[PDB]
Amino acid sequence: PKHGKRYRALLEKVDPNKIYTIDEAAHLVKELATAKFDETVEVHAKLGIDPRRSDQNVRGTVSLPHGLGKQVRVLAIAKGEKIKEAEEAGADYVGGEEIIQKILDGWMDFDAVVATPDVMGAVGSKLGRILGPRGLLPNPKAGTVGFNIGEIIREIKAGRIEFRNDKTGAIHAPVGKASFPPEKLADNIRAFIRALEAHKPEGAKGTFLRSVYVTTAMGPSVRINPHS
């Protein structure tokens, strides 16, 4: 069969037609998290954009009220004194155009990459393909590039996450853990939704949030009302 019996039991706990309020969803999440770890909770949205149009792309950040519920691993690529600054800002792995080969040799143990401007030429040319399409190439307007590297890293450690729509027009984020008490999950969800809406492209066709869902790392989904 397509799923195991564990997953199949979860299918009886959700209505496929209902669009749930965010509070209902936040309360249901724990019933849909039956894997043997604390499952990340996710929000997904199909977006009223043409994704193949650069000017209707949706990229941005939000500081999650209660964060992801896990250690966030930041790779900072910097030069000279920015190396030390990155480090004292709690970045976990910090270096120069050196460690580009470390990423090119395929170490991908980071949840965010941030970089100073003076390294972005190398980062661009060498990690452009590996990180580009995924919106992971440090970028001045996902706020992952700057000389204020310490400031950028602190925001990330304090719960800031990035989102970028995919080439199909959907967008997705982790917004916490299913062990989060329901009001806290609901807090994170609303924050992500608010931020997603803050980057609605000027002039795109139709409703911006065509559909919105909450789901757990290995459970079924719950369609939600983003304005609840």
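Numbers follow the displayed sequence, beginning with 1.
Practice item. Higher average CA B factor in the deposited record is what I'm after, so tell me if that's 168-176 or 26-34. Key: Per the PDB record, 26-34.
Exercise for review: Taking the mean of the C-alpha B-factors per stretch from the entry, tell me the winner out of 132-140 and 115-123.
Suggested key: For C-alpha atoms only, the mean B-factor is higher in 132-140.
**Study point:** Out of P181, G69, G159, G203, residue topping the C-alpha B-factor column of the entry
**Key:** Out of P181, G69, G159, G203, the record gives the largest C-alpha B-factor to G203.
Point to revise | Deposited CA B-factor, highest of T21, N17, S211, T215 | key: It is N17.
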